[PDB]
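J.: Chains as they are written, first to last, in the authors' numbering: chain C, 29 to 237; chain B, 29 to 237; chain K, 29 to 237; chain L, 29 to 237. Quick one: structure below, then a few questions.
Protein chains: 4
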Amino acid sequence: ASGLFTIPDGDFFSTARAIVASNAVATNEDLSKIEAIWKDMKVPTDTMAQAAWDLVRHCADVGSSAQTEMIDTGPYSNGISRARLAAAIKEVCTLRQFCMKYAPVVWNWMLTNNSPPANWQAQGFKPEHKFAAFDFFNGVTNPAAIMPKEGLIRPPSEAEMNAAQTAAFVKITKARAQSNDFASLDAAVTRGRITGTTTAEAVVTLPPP
Amino acid sequence: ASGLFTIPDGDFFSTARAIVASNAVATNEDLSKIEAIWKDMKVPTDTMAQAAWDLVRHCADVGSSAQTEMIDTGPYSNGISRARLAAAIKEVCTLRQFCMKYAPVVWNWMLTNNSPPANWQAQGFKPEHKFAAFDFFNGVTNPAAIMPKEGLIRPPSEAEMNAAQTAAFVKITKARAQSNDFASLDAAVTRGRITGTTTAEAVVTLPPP
Amino acid sequence: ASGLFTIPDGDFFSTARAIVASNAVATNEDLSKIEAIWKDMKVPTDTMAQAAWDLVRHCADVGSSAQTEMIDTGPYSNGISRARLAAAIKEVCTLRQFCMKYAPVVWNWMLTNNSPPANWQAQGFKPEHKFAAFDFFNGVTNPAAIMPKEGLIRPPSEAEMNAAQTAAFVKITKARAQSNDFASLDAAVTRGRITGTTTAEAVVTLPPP
Amino acid sequence: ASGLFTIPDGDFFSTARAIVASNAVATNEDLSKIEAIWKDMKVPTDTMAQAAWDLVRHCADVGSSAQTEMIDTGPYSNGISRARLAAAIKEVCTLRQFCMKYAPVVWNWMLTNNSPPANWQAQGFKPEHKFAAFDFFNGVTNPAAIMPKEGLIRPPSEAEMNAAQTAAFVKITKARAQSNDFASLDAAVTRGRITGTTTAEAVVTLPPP
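Structure representation (structure tokens):
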């Protein structure tokens with residue numbers, strides 16, 4: 029048995045370590061392209077990582093959607109605003125994929141300072157689940173993401189994971205209900221409609237048990 | 029591991045404090061532009077904050093919609109009416125974003141005086157939930173908003189947060205049902221219709237469990 | 029045997045004294061943050077402890093819930109009301125955690141004056157168990173709490189501990205039955221329901237032996 | 029009779045000593061990985077064991093759950109907090125498995141100082157059984173755990189073992205009743221429910237004899 033029919037024997041399992049890569053997280057080729065754009069717009073390379081952690085922490089208070097307006101300037105750039113840092117990222121990967129890379133860093137930072145995501149109440153989270161009230165919360169246990177050196181202070185509880193999956197259903201289905209099913213945006217197909225659906229037909233509910 | 033691949037070590041989590049910024053709350057650049065317009069229409073800078081807290085407290089009795097008619101004059105301007113203060117705000121940010129900034133102040137003020145939002149019964153709130161009967165109630169636990177020095181008297185209960193989310197569904201869906209799906213307001217698309225929908229097709233219900 | 033495999037020998041057990049810390053009791057970092065807020069709202073530092081003991085004694089007559097309305101002003105502040113002292117505490121820790129810290133003080137104070145918790149009859153306590161009729165009664169034998177210098181007058185009896193555990197079951201389960209199981213407070217999930225449960229399905233009973 | 033059919037003769041029973049290993053206790057490979065992380069965050073190797081015994085003694089006052097907040101700093105680190113020591117452990121094994129390794133050390137330490145677990149009354153223990161009122165009490169007679177040089181002062185009595193098994197039933201069943209049976213946390217399965225169960229259906233009782 030050779031070629032693709034080779035049977036592994038036990039030397040492979042004890043020695044080989046798979047480097048984990050994920051397509052929901054910004055790749056190593058993605059991150060090298062961010063650095064080349066960021067250093068060309070004069071982000072200091074001595075605080076390049078802290079400018080990323082500050083941007084993703086701000087992206088836990090607001091969304092990580094491509095339409096999200098970043099607000100202010102962090103303290104680790106040379107006055108480069110967070111909107112300009114995020115616009116450079118969206119040329120390479122999505123903002124959500126970049127933020128998934130730093131999700132354990134932001135999770136530890138929020139749990140150290142006891143500072144939840146800012147709009148947890150507007151998102152409909154209960155106060156006992158408010159630390160899961162950011163998108164890209166799925167990346168906190170993804171091994172392709174940046175894990176801090178001493179690990180997570182606290183893993184996410186099962187109730188926090190439950191609340192995040194429910195909120196992910198509500199936010200994504202509401203965003204799809206404001207979109208359409210039109211396969212083309214030409215007026216021959218859309219007939220000048222945004223959703224192609226009335227207000228009552230677009231109401232999202234999670235059906236009861 | 030350097031650049032964007034730097035692993036945080038624990039010095040960062042104990043020292044760095046993220047200044048919270050939210051795009052649902054009026055920004056610091058927004059508020060500086062309000063002050064320049066307000067002092068130019070001769071609002072006293074010694075009571076500039078109290079004129080804002082009086083306006084947002086009045087915006088808890090009426091809405092914080094852009095179409096809302098402000099009624100009277102507070103005691104902290106130099107006779108500048110609340111409609112003129114709100115019209116200056118709507119040149120910079122939304123009125124709702126300004127009111128979200130002062131939501132914990134208005135929440136403490138209403139709980140101190142035992143004075144709920146004025147139209148809580150018309151909004152359909154039960155009497156045990158009537159203190160949540162304002163829009164921008166989501167901002168009372170947002171850390172980007174102005175928190176008073178000694179904190180909230182009482183946090184919002186879970187039942188108050190439940191009632192506010194339900195009322196937010198009813199008021200927003202009713203407002204969308206009076207709007208249309210028309211992608212253009214030209215008569216070639218609207219065909220001279222306001223909603224493009226009959227009265228029976230526009231009825232909003234929250235489907236039962 | 030060294031490192032984490034070191035065997036203790038008897039010098040450690042006779043010399044080392046563990047400083048007891050509990051996460052159900054307000055911590056030393058919690059209490060230092062209370063003092064900084066209390067002295068800034070001008071609580072006299074000469075009676076800072078007596079203002080705390082007066083507040084926790086009042087919190088044995090009413091609850092130590094975050095929703096509890098504190099009523100009056102004690103004699104050891106400079107006229108700072110108990111609601112303002114409790115609102116400053118709830119910015120740092122819970123009110124129940126603060127009251128657990130002073131549970132042996134309040135237990136000795138009530139047994140000296142023969143003055144039980146005020147609403148013991150409304151709580152359903154028998155008269156022979158009425159001195160256990162406060163929440164945070166679990167903290168009276170917690171060594172992380174403030175113990176008075178000469179000790180407790182009387183330890184809690186086994187029947188008092190039995191009555192307190194039963195009352196803790198009844199009060200917590202009734203409070204959960206007024207809450208819901210909804211994982212999100214958005215109207216897509218709650219469907220405009222407070223509990224998601226009828227009145228008959230929410231009745232709490234402790235099943236008989 | 030040879031191979032796997034060999035009959036033992038008596039030389040094996042008098043000479044061979046089985047090194048006891050348990051999968052409920054932190055392994056020797058687990059503990060070597062703790063030391064490498066602890067010395068890299070600059071725990072002194074001269075008091076590496078005393079920093080572990082201090083952490084597990086604190087974990088007898090609070091839980092050894094993965095969600096447990098460690099409170100303070102012991103005297104045997106170089107100011108490394110117990111939350112950072114526990115977060116390093118949870119990267120390798122569970123906190124409960126680490127604490128099971130040092131259960132006879134903490135048992136002797138508590139019996140020497142006459143200092144029971146701090147929240148024994150809140151756990152519902154009778155005062156005559158309060159020294160068994162910690163989780164990982166099962167590890168005090170496990171031979172895979174660290175036994176001190178001169179042995180236990182007192183073995184656990186049968187009544188203490190009875191009380192610990194009953195408390196283990198109550199605490200684990202209550203924690204399962206706050207969990208769910210949902211096989212997936214996606215909203216298609218959970219339907220936005222935390223437990224999928226009402227408050228009355230989640231009440232835990234140990235049925236009477």
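Don't be surprised by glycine CBs; every beta carbon is placed ideally from N, CA and C.
Cβ atoms of residue 110(B) and residue 163(B): under 8 angstroms apart, would you say?
T.: Contact flag unset, no.
J.: Which stretch, first to last residue, makes up the alpha helix (DSSP H) that contains residue 132(C)?
T.: Start and end: 131–141.
J.: Can you tell me which of the three DSSP states residue 238(B) falls into?
T.: Because residue 238(B) is not part of the residues shown, which for chain B are 29 to 237, the question remains open.
J.: Between residue 81(B) and residue 130(B), is the Cβ-Cβ spacing less than 8 angstroms?
T.: Closer than 8 angstroms, so yes.
J.: Kindly indicate which residue of 94(K), 209(K) and 216(K) has the alpha-carbon position closest to the one of residue 121(K).
T.: Ranking 94(K), 209(K) and 216(K) by Cα distance to residue 121(K) puts 94(K) first.
J.: Any C-beta of chain L within less than 7 angstroms: which residues of the stretch 184–214 of chain C qualify?
T.: Cβ contacts with chain L: 185, 186, 187, 189, 190, 193, 194 and 197.
J.: Which residue spans inside the stretch 79–117 of chain K form an unbroken alpha helix (DSSP H) run of at least 4?
T.: Runs found: 110–117.
J.: Please list, in chain order, the chain K residues whose beta carbon lies closer than 7 angstroms to that of residue 80(L).
T.: Result: 32.
J.: Quick one, which of 234(B), 142(B) and 165(B) has its alpha-carbon nearest residue 198(B)'s?
T.: That would be 234(B), whose Cα lies nearest to the Cα of residue 198(B).
J.: Mind pulling the chain L residues with CB within less than 8 angstroms of residue 221(C)?
T.: Correct list: empty, because the minimum Cβ distance to chain L is about 28 angstroms.
J.: Using a beta-carbon distance below 8 angstroms, is residue 7(C) in contact with chain L?
T.: In the structure as shown, chain C begins at 29 and stops at 237. Residue 7(C) is therefore absent and cannot be evaluated.
J.: So, for residue 62(C): in the same chain, excluding its five sequence neighbours on each side, which residues have a beta-carbon less than 7 angstroms away from its beta-carbon?
T.: Taken in chain order, the residues that qualify are 116, 117 and 120.
J.: Can you give me the start and stop residues for the alpha helix (DSSP H) that residue 43(L) sits inside?
T.: Element bounds for residue 43(L): 39–43.
J.: DSSP three-state call for residue 56(C): helix, strand or coil?
T.: Here residue 56(C) sits in helix by DSSP.
J.: Below 7 angstroms between beta carbons is the criterion; list the residues of the stretch 166–183 of chain B that meet it against any residue of chain K, in chain order.
T.: The residues in question are 178, 179, 180, 181, 182 and 183.
J.: Using only CA atoms, which one of 205(K), 211(K), 89(K) and 237(K) lies nearest to residue 226(K)?
T.: It is 205(K) whose Cα lies nearest to the Cα of residue 226(K).
J.: Give the range of the alpha helix (DSSP H) segment to which residue 197(C) is assigned.
T.: Here the alpha helix (DSSP H) through residue 197(C) covers 186–205.
J.: So, under 8 angstroms CB-CB, residue 221(L) and residue 209(K) are touching, yes? Tell me the CB distance rounded to an integer number of Å.
T.: Yes, they are in contact, since the Cβ atoms of residue 221(L) and residue 209(K) sit about 5 angstroms apart, within 8 angstroms.
J.: Taking only three categories from DSSP, how would you classify residue 208(C)?
T.: It is coil, neither helix nor strand.
J.: So, for residue 29(K): in the same chain, excluding its five sequence neighbours on each side, which residues have a beta-carbon less than 8 angstroms away from its beta-carbon?
T.: Closer than 8 angstroms at the Cβ level, and outside the excluded window around residue 29(K), lie 35.
J.: Pull up the distance between the alpha-carbon of residue 97(C) and that of residue 76(C), whole angstroms please.
T.: Taking the straight line joining both Cα atoms gives about 21 angstroms.
J.: Please state the DSSP three-state secondary structure of residue 67(L).
T.: In the structure shown, residue 67(L) sits in a helix (DSSP, three-state: H, G or I).
J.: At a Cβ threshold of 8 angstroms, is residue 95(L) touching chain C?
T.: Output row for residue 95(L): interface = yes.
J.: Report the rounded CA-to-CA distance for residue 83(C) versus residue 42(B), giving the unit in angstroms.
T.: Going from the Cα of residue 83(C) to the Cα of residue 42(B) covers about 18 angstroms.
J.: Thinking residue 89(K) and residue 145(K) are a contact (beta carbons under 8 angstroms), I'd like their distance in whole angstroms, please.
T.: Right, their Cβ atoms sit about 6 angstroms apart.
J.: Please work out which residues of its chain come closer than 8 angstroms, Cβ to Cβ, to residue 70(B), disregarding the five sequence neighbours upstream and downstream, and give them in chain order.
T.: Excluding sequence neighbours, residue 70(B) sits near 106 and 108.
J.: Short of 6 angstroms in beta carbon distance, which residues of its chain neighbour residue 188(B), apart from the five on each side in sequence? Order them along the chain.
T.: Cβ within range, chain order: 157 and 160.
J.: Is residue 155(K) helix, strand or coil by DSSP?
T.: Reduced to three states, the DSSP call for residue 155(K) is helix.
J.: Once the 5 residues before and after residue 50(C) are set aside, which same chain residues still bring their CB inside 7 angstroms of it?
T.: For residue 50(C), where only same-chain residues beyond five positions count, the Cβ hits under 7 angstroms are 170 and 172.
J.: Using only the alpha-carbon positions, how far apart do residue 232(C) and residue 54(C) sit?
T.: Spanning the two alpha carbons is a distance of roughly 31 angstroms.
J.: Could you compute how far the alpha carbon of residue 103(K) sits from the alpha carbon of residue 91(L)?
T.: Near 39 angstroms, if we compare the C-alpha coordinates of residue 91(L) and residue 103(K).
J.: Rounding to the nearest angstrom, what Cα-Cα distance links residue 190(K) and residue 142(L) in this structure?
T.: Each residue's alpha carbon lies about 24 angstroms from the other.
J.: Taking CB distances under 8 angstroms as the criterion, tell me whether residue 125(L) reaches chain K.
T.: For residue 125(L), the answer is no, since every Cβ of chain K falls outside 8 angstroms of its Cβ.
J.: Return the residue from the list 38(K), 140(K) and 194(K) that minimises the CA-CA distance to residue 152(L).
T.: Residue 152(L) has its Cα closest to that of 194(K), out of 38(K), 140(K) and 194(K).
J.: Please name the residue, chosen from 178(C), 149(C) and 155(C), that lies closest to residue 133(C) on a Cα-to-Cα basis.
T.: Looking at the Cα atoms, 178(C) is the closest of the given residues.
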